[PDB]
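Colleague: Here we go, the starting part of the complex in its complex frame:
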Amino acid sequence: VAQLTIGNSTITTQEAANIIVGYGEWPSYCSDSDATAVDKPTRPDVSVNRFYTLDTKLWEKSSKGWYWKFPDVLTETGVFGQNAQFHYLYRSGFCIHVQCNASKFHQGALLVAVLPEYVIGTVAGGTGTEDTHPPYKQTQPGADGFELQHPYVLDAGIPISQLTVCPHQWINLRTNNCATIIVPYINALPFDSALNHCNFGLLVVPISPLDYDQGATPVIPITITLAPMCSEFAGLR
């Protein structure tokens, strides 16, 4: 055990569990011979790139699962949400860290994976004849996130049973509590909009339900801490 720091942010975390570098690539920058070599894109290092610790969600027996969108989650938050908004283009890598705090008397298993272009699909009326498009509160939940309503198909008509095909990591209470994931910038373009397009979405679902005997804390706090890697911006407004 030891604590790492990035500016004014200091998190207490375990030595170095197995990290998952999504798709074997490290969030790097973008060279000079690109599309916009004129408007030299300024790369934040100071405060912009540090440890943000989102409002902890409480695991319950009945919990269905949660998901956040990127970069949406942060475009609201602090000095990073500052850049994302008053800037024309954005490319950024991510270090995501998820941890639970539970006694050796709780049981559960959370799959934690990242899914590019996570496009939500609602119920469509029920009988299948209403072309209802997911709201804005469902498409970009912010930093509070949003709860799945049909985990089995990941609110989008896809088996979750196959989500492992994405950069994932498991959190089995009886073995580990913290899971870490490095995500590179993934998109069909070098740069893009930070407010219109959500390159990906963080998924965390209880595959084995939370359980405990009466008397033990009934809710397990899940704490998501995340940090931007090699983040770049272009065209101030």
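Modeller: Ah, there it is. Numbers count the residues shown, from 1 in each chain, chains lettered A, B, ... in the order given.
Colleague: so residue A:221 is in which element?
Modeller: strand A:220-236 (DSSP states H and E).
Colleague: Packing partners of that strand?
Modeller: Under the contact criterion of 3 or more CB pairs under 8 Å, 6 or more residues apart in numbering; DSSP states H and E, strand A:220-236 touches strand A:52-53, strand A:57-59, helix A:78-85, strand A:87-100, strand A:200-211. Backbone N, C-alpha and C define where each C-beta goes, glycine included.
Colleague: Now it: buried residues?
Modeller: Neighbour-count burial for strand A:220-236 flags A:220, A:222-234 (criterion: 16 or more other CB atoms under 10 Å).
Colleague: How about stretch A:83-101?
Modeller: Buried residues in stretch A:83-101, counting neighbours by 16+ other CB under 10 Å, are found at A:83-84, A:87-100.
Colleague: and the angle from the strand holding residue A:221 to strand A:200-211?
Modeller: Angle, strand A:220-236 to strand A:200-211, by axes from the mean of the first three to the mean of the last three CA atoms, to 10 degrees: 170 degrees.
Colleague: Direction included, what does strand A:220-236 pair against?
Modeller: strand A:52-53 (antiparallel), strand A:57-59 (antiparallel), strand A:87-100 (antiparallel) (DSSP bridges).
Colleague: How far away from the center of its chain is the first one?
Modeller: Going back to what we said before, that points to strand A:52-53. Computed by CA atoms, centre = their mean, to the nearest Å, the chain-centroid distance of strand A:52-53 equals 12 Å.
Colleague: Likewise for the second one?
Modeller: The chain centroid and the centroid of strand A:57-59 are separated by 15 Å under CA atoms, centre = their mean.
Colleague: still on that earlier bit, now, which of the buried residues of stretch A:83-101 sits nearest residue A:68?
Modeller: residue A:96 (9.4 Å; CB to CB).
Colleague: show me what contacts the closest one?
Modeller: Applying CB atoms under 8 Å, 6 or more residues apart in numbering to residue A:96 gives the contacts A:114, A:180, A:181, A:182, A:183, A:202, A:224, A:226.
Colleague: Look up which helix or strand the fourth one falls in, please.
Modeller: If you go by DSSP H and E, residue A:182 is part of strand A:178-183.
Colleague: Report all helices and strands that that strand contacts.
Modeller: Against strand A:178-183 (3+ CB pairs under 8 Å, 6+ apart) you get strand A:19-21, strand A:87-100, strand A:107-116, strand A:168-172.
Colleague: so which of the contacts of residue A:96 comes closest to residue A:189?
Modeller: Residue A:189 has its nearest neighbour among the contacts of residue A:96 in residue A:183, at 16.8 Å by CB to CB.
Colleague: Chain B next, sequence below:
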Amino acid sequence: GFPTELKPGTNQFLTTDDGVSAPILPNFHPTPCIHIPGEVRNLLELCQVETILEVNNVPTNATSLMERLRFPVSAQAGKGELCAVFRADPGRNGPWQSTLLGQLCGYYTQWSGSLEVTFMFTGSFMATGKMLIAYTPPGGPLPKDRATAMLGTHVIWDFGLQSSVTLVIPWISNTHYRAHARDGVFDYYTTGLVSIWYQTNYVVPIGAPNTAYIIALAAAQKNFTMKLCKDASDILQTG
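Modeller: One more chain to add, chain B, which I have set with the ones above:
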């Protein structure tokens, strides 16, 4: 000119002939391919990925579908009792349909390779006990009891020591052809079987839940292969 004789097949359209045709836009220079993470090159890459096997493929009640992903073990189960069972039939109905491997087998007619199932105990940390996991090759009938299964290729699993365990299925081959109804299906027969028995009972101290679940994850070894593209699906693009 230059003497020539046209041979049969002239002027025919083969939906699988991979010849060349004239480019509609000769001057067009298509936007350059840039680097994108995780490119897939050969499907067998996917087949080697661990997907959740819905062994507990019994509840259908819409809100209990998440239950198919995990089966459980409890104190109530006595020593020797058969916990669960299933076959090593990647392409056929049942459990394997949930795995990605299973879904990919569907776009193919034949296949063969060693498989690999991994079990994950998700119970309380305080629980301990032993589970016997046995494989009965194709033909061998599900072992009568724990002891007879104990004589077959088995593995004693103490989730008190290790929370995970991976079993390897030496071989499965969907090669034996079958023309039943009037519809010919290249079927298994190699339904290898995997049984799981409570070697000991589920033991726990006061304060810990008397039930825990387990998750099955499967994939195929690097020696896996598939043959005969065969597009088949129940899900199609609606009008």
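Colleague: With chain B now part of the structure, what is the answer for what packs on strand A:178-183?
Modeller: Other elements packing on strand A:178-183 under the criterion 3 or more CB pairs under 8 Å, 6 or more residues apart in numbering or on different chains; DSSP states H and E are strand A:19-21, strand A:87-100, strand A:107-116, strand A:168-172.
Colleague: Just the C-alphas of it, formatted as CSV.
Modeller: The C-alpha atoms that make up strand A:178-183 are tabulated as CSV, following Å, rounded to 0.1, in the frame of the first residue of the first chain:
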residue,chain,number,x,y,z
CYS,A,178,-9.9,-2.2,-6.9
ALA,A,179,-9.8,-2.4,-10.7
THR,A,180,-7.8,-0.2,-13.0
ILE,A,181,-8.1,0.6,-16.8
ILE,A,182,-6.0,2.6,-19.2
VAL,A,183,-7.9,3.8,-22.2
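Colleague: Provide the strand pairings for it, with the direction of each partner.
Modeller: strand A:19-21 (parallel), strand A:87-100 (antiparallel).
Colleague: can I get those in CSV with distance to residue B:55?
Modeller: Below are the strands paired with strand A:178-183 laid out as CSV (distance: least, CB to CB, whole Å):
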stretch, distance to residue B:55
strand A:19-21, 25
strand A:87-100, 26
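Colleague: Looking at those, which is nearest to residue B:54?
Modeller: strand A:19-21 (24.0 Å).
Colleague: what comes into contact with that closest one?
Modeller: The contact list for strand A:19-21 (CB atoms under 8 Å, 6 or more residues apart in numbering or on different chains) reads A:167, A:168, A:169, A:179, A:180, A:181, A:182.
Colleague: List the buried residues in that strand.
Modeller: residue A:20 (16 or more other CB atoms under 10 Å in any protein chain shown).
Colleague: chain center to it, what's the gap?
Modeller: Distance of strand A:19-21 from its chain centroid, counting by CA atoms, centre = their mean, is 14 Å.
Colleague: same question, stretch B:141-156
Modeller: A distance of 23 Å separates the centroid of the chain from that of stretch B:141-156, by CA atoms, centre = their mean.
Colleague: same deal with stretch A:181-199?
Modeller: For stretch A:181-199, the distance to the chain centre is 13 Å (CA atoms, centre = their mean).
Colleague: Start and end of it, how far apart?
Modeller: 16 Å (CA to CA, to the nearest Å).
Colleague: May I ask you to confirm that residue B:170 is in contact with residue B:116?
Modeller: No: under the criterion of CB atoms under 8 Å, residue B:170 is not in contact with residue B:116, lying 10.2 Å apart.
Colleague: Pull the most distant pair out of the contacts of strand A:19-21.
Modeller: Largest separation among the contacts of strand A:19-21 by CB to CB: A:168 and A:182, giving 12.7 Å.
Colleague: neighbour-wise, which of residue B:170 and residue B:116 wins?
Modeller: The neighbour comparison of residue B:170 against residue B:116 (other CB atoms under 10 Å in any protein chain shown) goes to residue B:116, with 18 against 12.
Colleague: one more, chain C:
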Amino acid sequence: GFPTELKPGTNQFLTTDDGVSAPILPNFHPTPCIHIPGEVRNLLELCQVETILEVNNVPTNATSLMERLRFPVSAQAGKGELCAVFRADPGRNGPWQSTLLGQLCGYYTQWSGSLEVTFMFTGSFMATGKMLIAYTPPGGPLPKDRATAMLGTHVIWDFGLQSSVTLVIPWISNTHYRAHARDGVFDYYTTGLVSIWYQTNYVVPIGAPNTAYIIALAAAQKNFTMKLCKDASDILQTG
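Modeller: Alright, chain C goes in next:
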């Protein structure tokens, strides 16, 4: 003879197939090409030429058409006042239509590169003052006032010192597709904006006119490009 099978596309006429055909006059020796000054080889040569930008594209009255070429500045305009404004939309209607660049963009579907506008003060030699010329990248709304525009990429121009000044537009890209009415148009959105404010007022000594005009000249940098030949025109050969 020599065995052959004809493939689809045989006997077809592609209006863009650049194959060879039989020469009608095989013996004819066409009069030799001699040297002629200023040969053009690639249109982008033309795009880099300065053409008069009709910023003042407002008068339509036949005899005042020459007025579109120049806009003016006068004593009457107070400090801070917005002199004029326009977008960096080479291919779309408005000011750019007058420039040669604009007209050439019309025979193409897509394009991108840095532009370059040059302003020429044609007033009396005795006049002096300062003009603030600011560029608001695509998206940024026309600055409220001089001061807010003063914070953006701007240039203070003192025509008391230099009679000319050239501004560079870093980038413009007509790449974002649009299917509005039922007619698909690969439009801008990158409507970069160029505002011009009276930093100071127009100052002149007795004897000099209290008004002067300015001329806009534009061209594209060497990094300009165009894609997709698209013949389009309102002017055609009459019957």
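Colleague: once more on the buried residues of strand A:220-236, with chain C this time?
Modeller: Buried, per 16+ other CB under 10 Å, within strand A:220-236: A:220, A:222-235.
Colleague: Give the closest residue to residue 72 in space, chain neighbours not counted.
Modeller: Using chain A. Computed as CB to CB, 6 or more residues apart in numbering or on different chains, the closest residue to residue A:72 that is not its neighbour in sequence is residue A:140, at 4.3 Å.
Colleague: look at chain B instead
Modeller: Distance criterion CB to CB, 6+ apart; nearest residue to residue B:72, sequence neighbours excluded, is residue B:213 at 4.6 Å.
Colleague: for the one you found, helix, strand, or coil?
Modeller: Secondary structure assignment for residue B:213 (DSSP: H, G, I helix; E, B strand; the rest coil): strand.
Colleague: Near it, how many other residues are there?
Modeller: Neighbour tally, residue B:213, other CB under 10 Å: 23.
Colleague: show me what contacts it?
Modeller: Contact analysis of residue B:213 by CB under 8 Å, 6+ apart lists A:109, A:208, A:209, B:70, B:71, B:72, B:73, B:122, B:123.
Colleague: Flag every residue of chain B that's near chain C.
Modeller: Selection of chain B residues close to chain C by CB under 8 Å from any CB of the partner chain yields B:2-7, B:9-11, B:13, B:19, B:21-22, B:25-29.
Colleague: related to what we said a few turns ago, what angle sits between the strand holding residue A:221 and helix A:78-85?
Modeller: Using the same axes, to 10 degrees: strand A:220-236 against helix A:78-85 is 50 degrees.
Colleague: What is the neighbour count of residue 15?
Modeller: This is for chain A. Using other CB under 10 Å, residue A:15 is surrounded by 6 other residues.
Colleague: Let me rephrase: I mean chain B.
Modeller: For residue B:15, the neighbour count with other CB under 10 Å is 4.
Colleague: Just want the residue of chain B that's nearest chain C.
Modeller: residue B:3 (2.4 Å; CB to the nearest CB).
Colleague: What distance do you get for the residue nearest to that residue when sequence neighbours are not counted to residue C:10?
Modeller: In this structure, residue B:3 finds its nearest non-sequential neighbour in residue C:1, 2.4 Å apart by CB to CB, 6+ apart. Applying CB to CB, to the nearest Å, the value for residue C:1 to residue C:10 is 17 Å.
Colleague: for residue A:132, same thing?
Modeller: 51 Å.
Colleague: Looking only at neighbour counts, state which of those two leads.
Modeller: residue A:132 (11 against 8).
Colleague: ok, the more buried one touching residue A:121?
Modeller: No: the criterion here is CB under 8 Å, and residue A:132 misses it with residue A:121 at 9.8 Å.
Colleague: Right, I'll call it a day here.
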